[PDB]
Each structure stands twice: as structure tokens, then as C-alpha cells.
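Q: Have a look at this one.
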Amino acid sequence: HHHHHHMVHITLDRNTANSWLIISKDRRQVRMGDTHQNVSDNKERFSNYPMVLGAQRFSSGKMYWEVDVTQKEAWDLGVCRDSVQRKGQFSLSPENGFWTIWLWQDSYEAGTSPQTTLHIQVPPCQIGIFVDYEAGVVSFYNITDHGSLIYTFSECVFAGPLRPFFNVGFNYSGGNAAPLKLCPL
Ligand SMILES: CNc1ccccc1S(C)(=O)=O
């Protein structure tokens with residue numbers, strides 16, 4: 001792929017974070033804390049899952065960014081509507097405003113309804129995410145495997161502004177503490 005030149009500088013929005021997340025000073029890394037992080041509740045915070053949004057909102061154009069997932073056992077990445085539900089239980093699907101892939105229990109899947117099996121020969125340490133707003137496309141790339149395509153959502157019906165979306169995952173196993181990191185341009 002030749003999407004690198006649409007690179008955008010993404011930062012995390014503290015105000016949207018689940019109350020157990022720890023966002024770095026530069027707003028480029030997030031990890032699961034071992035407890036509540038001593039913040040007030042607000043209507044923007046994801047309550048049920050270890051999720052956070054990017055600060056940037058996109059309503060046009062082509063955008064590209066990269067995320068480091070090294071040594072994590074579980075995570076979700078992609079984009080979502082600015083108006084997605086924050087409280088209670090929900091599935092990651094385009095019907096609910098999410099265009100995502102994930103790792104869970106040693107398998108990679110795209111957040112369709114129902115979910116789609118991904119075929120990845122080289123487990124990725126960094127994921128590239130490409131959004132073409134006008135075309136209705138979200139694509140995922142394996143940076144560890146020379147940029148190979150992972151998955152394309154096409155005919156997307158965004159139906160509003162988009163925000164970068166992250167889930168660091170739970171750490172019940174003690175093997176998923178590592179952060180998600182936004183990689184330098
Ligand atoms: C960057 N991760 C971090 C930061 C502070 C404390 C512990 C960790 S760890 C390597 O145990 O996930």
C-alpha cells in the first residue's frame with residue numbers, strides 16, 4: 001500500500017477513557033491500570049470495557065495512522081462514530097457505529113455482524129489503519145509483514161464524524177498489561 005503519505009498525528013482523549021486506563025503525558029500511549037485511576041465519572045467515558053477515543057474527528061478526506069500492539073493477548077482497533085453508545089453492554093459492529101478488528105484467544109477477527117475470521121500468517125506487532133471518508137472504506141494493514149492487507153470494510157455508512165477507536169483489553173491472565181502505542185510518522 002502507498003497510504004503512508006495521508007499520515008495524521010493521533011492523540012488520545014482522556015475524557016472518553018474508561019476510568020481504569022492510564023494515558024501517557026504525550027497522549028500517545030494507553031494501558032490498563034491495576035485499579036480505578038482517581039478521575040471523576042462523565043457521560044463520555046466507556047463504562048464496561050477498557051476503551052478510549054482519539055481526540056481527532058474526521059468528516060472528509062483520507063487519513064492513515066499506525067498502532068503498536070507488541071506482546072498483547074487481546075485488543076480492538078479501528079474507527080467509530082462520534083455518537084457511539086458509551087454505557088452498558090454492546091457489540092462492535094457497523095450497525096452500532098464501529099469499523100474494527102481485534103485479537104482474542106489467539107485468533108484475529110473483523111467486527112462484522114457476525115464476526116469474520118482473518119487470515120494472518122505473521123502475527124502483527126504494528127497495525128496500519130486507513131480511512132477514505134468519501135469512498136466509504138476502512139482498511140487494516142500488517143506493518144510487520146511489509147504492509148500486507150488484513151481486512152477492508154467497504155460500502156461503509158459512517159453517518160457522522162469518525163473518531164479513532166482503541167480497546168487495550170482486560171488483563172485477567174496477567175499477560176495483557178502491555179500498552180497500545182501510537183507510532184511515529
Ligand atoms: C509501558 N508499560 C509499563 C509502564 C509502567 C509500569 C509498568 C509497565 S508494564 C511493562 O509492566 O506494562
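Following the order of the C-alpha cells, chains are lettered A, B, ..., residues in each are numbered from 1, and ligands are numbered from 1.
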Give the residues close to ligand 1, within 6 Å, counting only C-alpha atoms and all ligand atoms; write them as a ChimeraX atom specification.

A: /A:177-179

Q: Could you give me, as an MDAnalysis selection string, the residues within 12 Å of residue A:171, counting only C-alpha atoms and dropping anything in the same chain fewer than 5 positions from it?

A: chainID A and resid 20:21 31:35 49:50 72:75 104 176:179

Q: Mind checking which residues fall within 9 Å of residue A:160, counting only C-alpha atoms, ignoring those fewer than 2 positions away in the same chain, and posting them as a PyMOL selection string?

A: chain A and resi 58-59+81-83+157-158+162

Q: Atoms to include: N, CA and C atoms. Write the selected residues as a compact mmCIF listing (two decimals), in the first residue's frame.

A:
# COMPACT_ATOMS: atom_id res chain seq x y z
N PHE A 58 -13.00 13.17 12.13
CA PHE A 58 -12.83 13.18 10.65
C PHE A 58 -14.20 13.13 9.97
N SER A 59 -14.47 14.04 9.03
CA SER A 59 -15.75 14.10 8.29
C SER A 59 -15.51 14.13 6.76
N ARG A 81 -18.16 5.99 15.02
CA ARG A 81 -18.94 7.24 15.03
C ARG A 81 -18.65 8.02 16.31
N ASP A 82 -18.73 9.34 16.23
CA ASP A 82 -18.58 10.16 17.45
C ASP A 82 -19.73 9.83 18.39
N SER A 83 -20.90 9.41 17.91
CA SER A 83 -22.10 9.24 18.75
C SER A 83 -22.30 7.81 19.27
N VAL A 157 -21.28 2.97 5.90
CA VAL A 157 -22.26 4.07 6.07
C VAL A 157 -21.90 4.75 7.38
N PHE A 158 -20.94 5.68 7.35
CA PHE A 158 -20.36 6.33 8.55
C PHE A 158 -21.46 7.07 9.31
N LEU A 162 -16.16 10.71 12.37
CA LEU A 162 -15.44 9.49 12.85
C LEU A 162 -14.38 9.87 13.85

Q: If we count only C-alpha atoms and set the cut-off at 7 Å, which residues sit around residue A:27, ignoring sequence neighbours fewer than 3 positions away in its own chain? Please answer as a list in words.

A: residues 11, 12, 23 and 24 of chain A

Q: Selection from above, C-alpha atoms, as a PDB file, in the first residue's frame, can you write it?

A:
ATOM      1  CA  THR A  11      -3.697  11.765  20.282  1.00  0.00           C
ATOM      2  CA  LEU A  12      -5.923  10.102  22.906  1.00  0.00           C
ATOM      3  CA  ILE A  23      -2.830   7.626  29.207  1.00  0.00           C
ATOM      4  CA  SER A  24       0.759   8.878  28.874  1.00  0.00           C
TER       5      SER A  24
END

Q: Skipping near chain neighbours, those fewer than 2 positions away, what residues fall within 6 Å of residue A:138 using only C-alpha atoms, listed as a list in words?

A: residues 130, 131, 152 and 153 of chain A

Q: Deliver the residues from the most recent selection as a file, using C-alpha atoms, as a compact mmCIF listing (two decimals), in the first residue's frame.

A:
# COMPACT_ATOMS: atom_id res chain seq x y z
CA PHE A 130 -6.57 3.73 6.55
CA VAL A 131 -9.89 5.64 6.28
CA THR A 152 -11.24 -3.92 4.08
CA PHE A 153 -14.69 -2.67 5.15

Q: Could you state the separation of atom CA of residue A:10 and atom CA of residue A:56 in Å, given to one decimal place?

A: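 Answer for the atom CA of residue A:10 to atom CA of residue A:56 separation: 6.6 Å.
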
Q: Kindly indicate which residue among A:96, A:148, A:107, A:16 lies nearest to residue A:55, using only C-alpha atoms for the distances.

A: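 For residue A:55, the nearest of the given residues is A:16.
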
Q: In Å, with one decimal, what is the gap from atom CA of residue A:169 to atom CA of residue A:133?

A: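 So the answer is 27.3 Å.
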
Q: Of the candidates A:102, A:90, A:64, A:166, which shows the shortest atom-to-atom distance to residue A:137, using only C-alpha atoms?

A: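 Of A:102, A:90, A:64, A:166, the one nearest residue A:137, counting only C-alpha atoms, is A:64.
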
Q: Please identify all polymer residues within 6 Å of residue A:69, counting only C-alpha atoms, omitting same-chain residues fewer than 6 positions from it, and present them as a list in words.

A: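 Residues meeting the cut-off are residues 125, 126 and 180 of chain A.
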
Q: How many Å lie between atom CA of residue A:150 and atom CA of residue A:183, rounded to one decimal?

A: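 Atom-to-atom, atom CA of residue A:150 to atom CA of residue A:183, that is 18.4 Å.
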
Q: Where does DSSP see helix (DSSP H, G or I) in stretch 1-177 of chain A, if you list the residues as JSON, numbers by chain?

A: {"A": [4, 5, 6, 14, 15, 16, 94, 95, 96, 143, 144, 145]}

Q: Emit the selected residues as a PDB file, in the first residue's frame, including N, CA and C atoms.

A:
ATOM      1  N   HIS A   4       0.760   5.774   3.325  1.00  0.00           N
ATOM      2  CA  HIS A   4       1.657   6.392   4.345  1.00  0.00           C
ATOM      3  C   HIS A   4       1.596   7.927   4.287  1.00  0.00           C
ATOM      4  N   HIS A   5       1.503   8.524   3.086  1.00  0.00           N
ATOM      5  CA  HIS A   5       1.522   9.998   2.864  1.00  0.00           C
ATOM      6  C   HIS A   5       0.227  10.691   3.333  1.00  0.00           C
ATOM      7  N   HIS A   6      -0.846   9.960   3.684  1.00  0.00           N
ATOM      8  CA  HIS A   6      -2.054  10.524   4.361  1.00  0.00           C
ATOM      9  C   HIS A   6      -1.904  10.436   5.875  1.00  0.00           C
ATOM     10  N   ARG A  14      -8.424  11.763  26.961  1.00  0.00           N
ATOM     11  CA  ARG A  14      -8.538  11.361  28.396  1.00  0.00           C
ATOM     12  C   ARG A  14      -9.995  11.310  28.853  1.00  0.00           C
ATOM     13  N   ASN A  15     -10.807  12.267  28.403  1.00  0.00           N
ATOM     14  CA  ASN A  15     -12.185  12.438  28.894  1.00  0.00           C
ATOM     15  C   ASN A  15     -13.091  11.284  28.470  1.00  0.00           C
ATOM     16  N   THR A  16     -12.728  10.552  27.391  1.00  0.00           N
ATOM     17  CA  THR A  16     -13.507   9.415  26.871  1.00  0.00           C
ATOM     18  C   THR A  16     -13.056   8.104  27.526  1.00  0.00           C
ATOM     19  N   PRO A  94     -20.740  -2.527  12.500  1.00  0.00           N
ATOM     20  CA  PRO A  94     -21.099  -1.322  11.752  1.00  0.00           C
ATOM     21  C   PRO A  94     -22.504  -0.822  12.098  1.00  0.00           C
ATOM     22  N   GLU A  95     -23.429  -1.732  12.414  1.00  0.00           N
ATOM     23  CA  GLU A  95     -24.809  -1.326  12.822  1.00  0.00           C
ATOM     24  C   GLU A  95     -24.735  -0.447  14.075  1.00  0.00           C
ATOM     25  N   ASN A  96     -23.793  -0.703  14.992  1.00  0.00           N
ATOM     26  CA  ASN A  96     -23.615   0.093  16.227  1.00  0.00           C
ATOM     27  C   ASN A  96     -22.598   1.224  16.029  1.00  0.00           C
ATOM     28  N   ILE A 143       1.919  -4.125   9.390  1.00  0.00           N
ATOM     29  CA  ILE A 143       3.167  -3.379   9.138  1.00  0.00           C
ATOM     30  C   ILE A 143       4.338  -4.372   9.284  1.00  0.00           C
ATOM     31  N   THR A 144       4.210  -5.346  10.166  1.00  0.00           N
ATOM     32  CA  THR A 144       5.281  -6.363  10.439  1.00  0.00           C
ATOM     33  C   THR A 144       5.517  -7.204   9.185  1.00  0.00           C
ATOM     34  N   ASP A 145       4.488  -7.449   8.386  1.00  0.00           N
ATOM     35  CA  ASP A 145       4.561  -8.244   7.123  1.00  0.00           C
ATOM     36  C   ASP A 145       4.529  -7.315   5.896  1.00  0.00           C
TER      37      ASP A 145
END
